[PDB]
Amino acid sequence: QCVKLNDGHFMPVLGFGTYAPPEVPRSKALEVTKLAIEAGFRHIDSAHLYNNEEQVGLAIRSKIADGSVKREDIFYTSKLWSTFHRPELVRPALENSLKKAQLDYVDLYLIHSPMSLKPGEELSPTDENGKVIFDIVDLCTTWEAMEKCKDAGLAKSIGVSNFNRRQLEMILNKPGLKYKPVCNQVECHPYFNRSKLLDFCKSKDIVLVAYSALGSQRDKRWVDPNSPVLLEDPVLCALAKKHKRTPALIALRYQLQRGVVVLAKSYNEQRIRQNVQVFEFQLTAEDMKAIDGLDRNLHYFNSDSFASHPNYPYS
């Protein structure tokens, strides 16, 4: 249940989302990541931003050491945070991630966002008025430094996240390009199905990896609370009844059948184990059209401040 990436590596099509808000004790990431592996997840998505790489790594090490899985059976993703886009900062950020996870390589290193931020200690640097401070970086040079991380064997594959088509073409058309992005990890779900971007990515052999596939964690910092709750969608609910599954399983399955690699976060043991059931059934072509029909150009993540970033992807 993998897809062949454009660099020859393989990516499991269902991935485990590890981000949880800061009110959740950090110890939980260790427990839940073990649960996810035990359930059948082999693809695991983390980032420097998440502040959980040590716990996630410990989980992966645990299930390797106890013999459940081998390191080569696990696909582990980390991400370069936006304060580290300047090319001289790229390799040391990856090396810092690896040391935290206590892993030797990542299967995938992503540029987390095209929205560069001022270099420094703070993840979210701000000024006197409390506004986030942007930075300006040529992302082609960031990409070159990523290419070097791959040649150095620190990342098996490299790709991007939150890029639009124009931003992807920039990399694709870069003079002297060594490696295409293997993927673009973007918000993708039946309310924002990204069909155009997906067709583009497919035409270039770039895998679209969907986050907030279950409608996001609806974090107050980024998501309007009165936006529609994806999993309450009547069409999703009716297909769940029809198939004897759940709305989450429908939303996940949808992605798999359109060629999308899908992430699912859960910190609940029973939902974790439910989500791996995604491979047990299939949606019909008409089921898929009905889900396609839910598209409404709704991205759950919003930021007044980041909408003004020159590299904002929804501009």
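Residue indices: 1-based, along the sequence shown. Under this definition, the rigid core comprises the largest set of C-alpha atoms superposing within 1.5 Å between the forms.
- Greater average departure of CA atoms from the shown form, over structures and residues in 9 other deposited structures of this protein after a core fit, characterises 219-227 among 219-227 and 186-194.
- Note on 5-13 and 298-306: with rigid core alignment, C-alpha atoms in 9 other deposited structures of this protein sit farther from this form for 298-306.
- Mean C-alpha B-factor is higher over 282-290 than over the other stretch, the pair under comparison being 282-290 and 255-263.
- When the mean C-alpha temperature factors of 301-309 and 21-29 are read from the deposited coordinates, 21-29 comes out higher.
- Residue set 181, 114, 153, 228: peak C-alpha B-factor at 153 (per PDB entry).
- The entry lists C-alpha B-factors for 187, 107, 169, 224, and the highest of these is at 169.
- Ranked against the other modelled residues of its chain, the C-alpha B-factor of residue 71 as given in the entry falls in the middle third.
- Placement of the Cα temperature factor of residue 216 within the chain: lowest third of the modelled residues, per the deposited record.
- Per-chain ranking of the deposited C-alpha B factor places residue 160 in the lowest third.
- Sort the modelled residues of the chain by CA B factor and residue 133 lands in the highest third.
- In the deposited entry, the Cα temperature factor of residue 202 places it in the middle third of its chain's modelled residues.
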